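These notes are about the structure you will find just below.
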Amino acid sequence: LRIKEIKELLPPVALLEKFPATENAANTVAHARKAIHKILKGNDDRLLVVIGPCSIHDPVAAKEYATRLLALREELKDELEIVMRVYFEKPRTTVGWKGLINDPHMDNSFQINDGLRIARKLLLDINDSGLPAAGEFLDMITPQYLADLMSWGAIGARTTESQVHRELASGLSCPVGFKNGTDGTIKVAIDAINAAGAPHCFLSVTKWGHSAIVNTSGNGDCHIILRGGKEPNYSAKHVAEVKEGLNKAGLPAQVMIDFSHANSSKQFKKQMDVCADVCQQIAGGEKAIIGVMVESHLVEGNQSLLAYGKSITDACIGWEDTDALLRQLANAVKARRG
Amino acid sequence: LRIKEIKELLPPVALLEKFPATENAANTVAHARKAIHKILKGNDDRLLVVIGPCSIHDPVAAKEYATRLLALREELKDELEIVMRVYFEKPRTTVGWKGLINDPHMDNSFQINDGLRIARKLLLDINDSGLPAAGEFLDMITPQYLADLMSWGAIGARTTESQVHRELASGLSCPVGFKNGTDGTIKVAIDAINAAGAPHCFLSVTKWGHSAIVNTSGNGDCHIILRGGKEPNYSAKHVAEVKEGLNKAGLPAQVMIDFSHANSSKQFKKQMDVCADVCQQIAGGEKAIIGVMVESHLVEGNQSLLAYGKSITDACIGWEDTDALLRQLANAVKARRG
Amino acid sequence: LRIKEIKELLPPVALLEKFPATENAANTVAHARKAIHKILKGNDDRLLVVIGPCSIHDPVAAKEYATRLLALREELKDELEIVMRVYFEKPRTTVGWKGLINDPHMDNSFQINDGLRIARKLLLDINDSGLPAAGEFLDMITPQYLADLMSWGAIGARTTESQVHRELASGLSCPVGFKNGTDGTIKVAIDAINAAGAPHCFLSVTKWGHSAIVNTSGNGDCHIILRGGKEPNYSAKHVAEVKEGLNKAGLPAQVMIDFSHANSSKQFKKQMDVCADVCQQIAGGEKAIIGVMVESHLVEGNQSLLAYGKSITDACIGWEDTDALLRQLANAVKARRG
Amino acid sequence: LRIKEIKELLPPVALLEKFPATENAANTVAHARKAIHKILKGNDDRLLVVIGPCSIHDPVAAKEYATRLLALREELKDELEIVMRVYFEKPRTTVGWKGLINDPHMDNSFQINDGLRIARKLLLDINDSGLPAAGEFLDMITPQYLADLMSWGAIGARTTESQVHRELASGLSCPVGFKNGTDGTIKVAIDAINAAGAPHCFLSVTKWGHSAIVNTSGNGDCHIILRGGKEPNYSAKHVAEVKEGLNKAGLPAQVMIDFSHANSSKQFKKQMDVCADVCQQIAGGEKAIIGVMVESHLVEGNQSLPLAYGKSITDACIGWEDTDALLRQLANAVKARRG
Ligand SMILES: [Pb+2]
Ligand SMILES: [Pb+2]
Ligand SMILES: [Pb+2]
Ligand SMILES: [Pb+2]
């Protein structure tokens, strides 16, 4: 038996009762979902920008970040639908700290019940300020505690091909983006969109902390996220291949480009050069780039498991580069529209 | 909101009470796990052969195939540890029938509670006759209904990179093998072994159908499964590359070779050609090929979702070649040792 | 804190899966409930006889008794609907052994999970042979494990006035009888019938071992059980007072007379004297004595927690007396009839 | 078959997370339980006074009652340990509104999840201000949502004889009092004290909303509550009868007298007459009357189901002036008993 311990877990209803969505928060989520929805459905020419830390490890810095990006959101609101990256669970290449929910105190105490309280509280506050949130849905149980406060979800490169994750995505209430695979493979994400578009029947855990059988309807609001592979995949020809690829699979030829991870070749400031290309293509009149993803924090760089506004997982651009980038992208959209 | 229905699910304890492991069943499981443990520890020289249908879709044909194989298990137990493939859940490239548990009646009725009863009864019978079983652990909730009757598990190509699956593997009581990824990537499986080797803390569902926090020990008994990519990866060249990679990563250099899927270029009869090559290597002295995987059924080929013992998912070799193969492999094992 | 321990409890569904009602078991229950319905609705002139041990403490002796009583049940079937007392939970005046479910091994080990398995098995066997069962519904959680195999329920003297019990009775699928209170009070039972006749909404535990809100419909098949008080209340005097009382309260004037407990002044053999009196009433034309209750076992008397077919709680008449009594009652029904 | 529907129920942990006991709330509960423990143990000779509405049906009127009673609690805290009656579940003689938790909105809507929220919030507020609470434990599942904020529990006349209730009482953290039975029977309550004094093993629902097997230790802090029967049973005559019966039973000879229900012949006003009799006894040296129970509200009487603000919708209560007066009488009488 390779189970050392079983410890009790507060059900989703405990967290949803202790921290109910406020009316303003319920409204943030609703609008961001239908805004992201029309960006996908043609209807609105703005760019979805999902940006924020690689991981949330500090609610204080999280909130300082939030107020600064909410400011920029209201400014750039006519060009950009800015959603903040509030990533609570992190996929490791082997082992490592898996995010705030799993180990809030960053010493290996795994106080997951606190992790969940802290996480839902923070997510409530940010959404209540009027700023929408985005998260990676990695774990299969935590979605119930958080999904109602999320306006967009990502399925990571390491899990796009997983049927379990494509099943989860077909019953989420928010739009979802599928990262291409670690090696560059586009085909797994394309399949994943088609798979998540269908109804599925599977086993999941209810708001009451009990397993049950779930039938989903399928999620039409899914799109690919170009995130690099063995080499970058943000460029025009790459984008072109993915567009004819997506049209051959029967799906809207529209992409979100992630400036980070393998697209910034692990070189975070390169995120701005990726930005320069994408902005040059947006400004060039490239309709299909529907959204982008960027990893920023208050201070650039990263640490390892302690500084204040700096990432403890992936390296991010800091706030002045963030502001700059966001301005570029908006100007590029402006140019694209007229 | 995108969930169309929630239906109740019998907890693991209902299935474990209606169908407890008999003393014979329990003994099969224990000895098979010990066996594969010595083989992986290197202090036994026999080959692990995980063979059987691609998917179980018919308990009658499955009980038949099991007694036919038990004959060969007993007949070859000094050169080979034969474990039957009792795969109840299947990973689709997009959509399709996901296995017997998910849809036992192969019309889309999703009678998962029956699915689970049928699945646990069949697994009990096969184990009680003295034949061990192997399954793919795809879903996160079904393990509790079945893992005590499983002597080896596989994590599939589409989920080896998934942290959720590596977490599951670190707390399973049986040895586990990690398929390399769909395109050929060896590195994800190597990472997966290292990942699954560590203790993890995560959320899972207990025998009582309730979520809880779980801590694992890490599973020492995990190995890679070479299953092909864009290119076959069974040859002696590939087996050296993979052994060396494992050495860099500080892992025992051992592999299980899967004769099927991308190694047999998806046409089943090529499994005999892979068999020839691998027997050649084993006989020639390759100490590292620790196990193999083959997809066989009573009748060969496959059919689309209906002929008694033919596969309804991947094409398999039929019985004559199966018997032949188990012997090519057994002779090849005698030859590797003196 | 005055809680020494919490230990896990198999959900109703574990017991209902391990021991499903067979088709015979199901038809016993259905037919007996329809029978007692027909008697309480006044369409059939037979007498309901609920007879059997005070408590079940030994499945062997219970099975022996069941065989003997089943025989008498088919012999006497034209005048009597004989239901066996299979009482698994017992109300103590202060402390004592609370029944087989609570402590199956009569040493204070409280192996309630075994208790429940033993109890449901035994109840299944008795019912499957074609003999109906009657139980006291004392505890609020155990009903889910047993009620589908019960053809009549009693609410005890010490709990008739309890709202919790009257709530339980309004949602039971079998007829229910309310004992008058310990002191003789008729009024509490009359109120209890009216209370249980109404819809109630309250909290209970589901087949899955989880609390939920329950709305019941109300149970029209409830009647009083005259069980004595500070003095006996079986005489025709008493039966007229109680019929009139029921008329005032707008209830059908019908009674079940219990020959035991305070009606037999706690010494068992007096049950035959009460039997004589009540047979004399029935024969003389008393249409209202709808049923009776008697405490019998194989061997007469009782012991203290060991002899075989002897009660370990209240003293009972033994099998010889039982056969005689049952013959007396049948003849009296035959006289009443003409 | 006879069940028309099943609806979901928030587990105890949802309520305990949304409304945790504050540090003040926790302190109130602790000291009140310790206090009643020492009265019941004979180390303090103050009188326990459990007083308040028959039923809580209005959190606004209930909070006001609580600030007034809290005021009186601090001025009389030298002779009386005053605990407020916060009764959320009510036993009906046949059918009727079963209390705030069961039907908070008093139209039969049965919004029990709201009922529980409302009930735990109110109980938290009252305790956090520093006023202890008392409830009847009628239902077997609701205890998990409320017992940590309760400083004393009662088991009603209609359930004292029920084993299920005596099992619950043996594992409650607060002292418990057992009403004698509707008809006057003392013996059922005496048995219930002895029964609740022993360890029990039974099935109950955990903080997580799941059934489990529970072993309790037995509750030493239980006492009888004289509440009348076919006749009143408050007189020193009756108190003498009941005192030797508890001794014959092996129990400390101590009683709580309830001035209401069958002791006040169901007309509320009579509670003052009972008060006079019992004060007379206490002053005269009757060391066995350990506590009392009274039903009061802001406004006297009761009313049938807009409502008249602080008035009972179940049993008739004395109103606030009579309450203040009564509490003063009792405190003076406690003074006459120690010399
Ligand atoms: Pb990252
Ligand atoms: Pb396959
Ligand atoms: Pb008895
Ligand atoms: Pb009252």
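We name chains A, B, ... by the order of the sequence lines, and we start the count at 1 in each one. Just so it is clear, the values below take in all heavy atoms, side chains as well, and ignore hydrogens, waters and symmetry mates.
- Closest of all the heavy-atom pairs between B/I6 and A/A212 is CG2-CB, 3.7 Å.
- Looking at A/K4 and B/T216, their side chains never come closer than 4.5 Å, going by heavy atoms from C-beta outward.
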Worksheet item: Taking it one step at a time, do B/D221 and A/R2 satisfy salt bridge (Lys or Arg N to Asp or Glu O under 4.0 Å)?
Response: CA-CA 11 Å; B/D221 311 319; A/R2 270 181 186 113; 3.1 Å; yes
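- Using a 4.5 Å cut-off between heavy atoms, B/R166 touches chain A through its side chain atoms alone.
- Proximity to chain B (any heavy atom under 4.5 Å) is restricted, for A/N102, to the side chain, taken from C-beta onward.
- Every side-chain contact (heavy atoms from CB on, under 4.5 Å) that B/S55 has, sequence neighbours left out, goes to B/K90, B/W97, B/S311, B/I312, B/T313.
- Neither the backbone nor the side chain of A/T160 comes within contact range of chain B; no heavy atoms are under 4.5 Å apart.
- Closest heavy-atom contact between A/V95 and B/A198: CG1-CB, 3.6 Å.
- Both the backbone and the side chain of A/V214 have a heavy atom closer than 4.5 Å to some heavy atom of chain B.
- Ranking A/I193, A/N194, A/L1 against chain B, the residue ahead of the rest is A/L1, based on heavy-atom pairs under 4.5 Å.
- Chain A forms the most heavy-atom pairs under 4.5 Å with one residue out of B/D139, B/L203, B/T159, and that residue is B/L203.
- Residues B/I112 and A/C201 approach most closely at CD1-SG, 4.2 Å, considering heavy atoms.
- Residues of residues 8-17 of chain B lying within less than 4.5 angstrom of chain A, judged on heavy atoms, are B/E8, B/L9 in numerical order.
- Only the side chain of B/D183 comes within contact range of chain A, with at least one heavy atom under 4.5 Å from a heavy atom of that chain.
- Contact tally against chain B (heavy-atom pairs below 4.5 Å) for A/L172, A/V164, A/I101, A/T185: the top residue is A/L172.
- Side-chain contact between B/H200 and A/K98 is present, with heavy atoms from C-beta onward closer than 4.5 Å.
- At a cut-off of 3.5 Å, with distance as the only test, a side-chain donor of A/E161 or B/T182 sits close to an acceptor on the other residue.
- If you measure heavy-atom distances from A/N219 to chain B, the contacts under 4.5 Å come from both the backbone and the side chain.
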